[PDB]
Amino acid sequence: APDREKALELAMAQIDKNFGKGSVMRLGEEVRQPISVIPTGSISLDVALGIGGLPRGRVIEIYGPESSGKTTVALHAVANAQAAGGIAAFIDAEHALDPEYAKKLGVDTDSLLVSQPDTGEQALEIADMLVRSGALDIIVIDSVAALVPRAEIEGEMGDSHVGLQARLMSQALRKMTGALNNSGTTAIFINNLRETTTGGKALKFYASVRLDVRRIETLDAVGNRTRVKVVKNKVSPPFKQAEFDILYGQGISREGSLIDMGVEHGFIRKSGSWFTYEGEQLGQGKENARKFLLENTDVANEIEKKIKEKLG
């Protein structure tokens, strides 16, 4: 009477129907309900996500050390969403955002809404008010840790010291998720690591996608290589990983990506020390090749094409 796979499929079906699609899924599964997504600005990361970018109407947490590339991403996400004619907001509580660099990553700063809250409650509240107006495609909250409660900011005491900030972030997400779904706005929370920062406790359970950003290399001193791990993903098989270069003053390196993904996917052969594409001499050294691809825009484009074809 028992047929495991048939039994298992009925279970999984019932599992998803009780808690939502993605509640449980095989790892090497392969996605085919394409969603709506905001390209991460990193081709590899987008693939790692399984859906070509950050899902819309979802809560995203991008945690990691400082200077590991979180912001560059989130900014790119913003820029992409704008090109698609979407409106963006930045709840800033760190006062660090460099708008000049932002423009360089393609963000139309002038049309970017910026807010600088007086308290964690206010910050979250301001963000909720914006979200449920349905005019936003994306909203970035800088620094989960800066969401310090009012009582704490204001004088208050050594008593009734509490874990108020976490509960602050819980109640907030509790009601701002439903809205995010209806609205369809993607909310990226930037969590600088140094509970994963007190409020990251609740974020951990409310995020549909959680990215673990790390600084790994240091491609002279041009820029540095980042590695992201999709530790949580309720919309595609989780745990995938991606890598990309962010040069100083520049955002995520396109050519860089292409050179990497092109290599691993065989489109560009890499005789040790010398990169070649369809018999073309690309140059010795990822950089001489990055350059090559930067200058001979025509190549790379066909290689971006070929790689895009082979995947999605």
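Throughout, we count residues from 1 along the sequence that is shown.
- The modelled chain is continuous from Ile126 to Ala127, since every residue of the deposited sequence in that stretch has coordinates.
- The deposited sequence places 10 or more unmodelled residues between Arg194 and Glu195.
- Just going by the entry, 92-100 versus 126-134 on mean CA temperature factor gives the higher value to 126-134.
- Higher mean CA B-factor, judged across 55-63 and 32-40 from the recorded values: 32-40.
- Across the residues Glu264, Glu243, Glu255, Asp46, the deposited record lists the maximum Cα B factor for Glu264.
- In the PDB entry, the Cα temperature factor peaks, among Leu112, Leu173, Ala81, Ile190, at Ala81.
- Among the modelled residues of its chain, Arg167 has a C-alpha B-factor that falls in the middle third, as given in the PDB entry.
- In this PDB entry, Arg150 carries a Cα temperature factor that places it within the middle third of its chain's modelled residues.
- In this PDB entry, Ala11 carries a Cα temperature factor that places it within the middle third of its chain's modelled residues.
- Placement of the Cα temperature factor of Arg290 within the chain: lowest third of the modelled residues, per the deposited record.
- Per the deposited record, the Cα B-factor of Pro238 falls in the lowest third when ranked against the other modelled residues of its chain.
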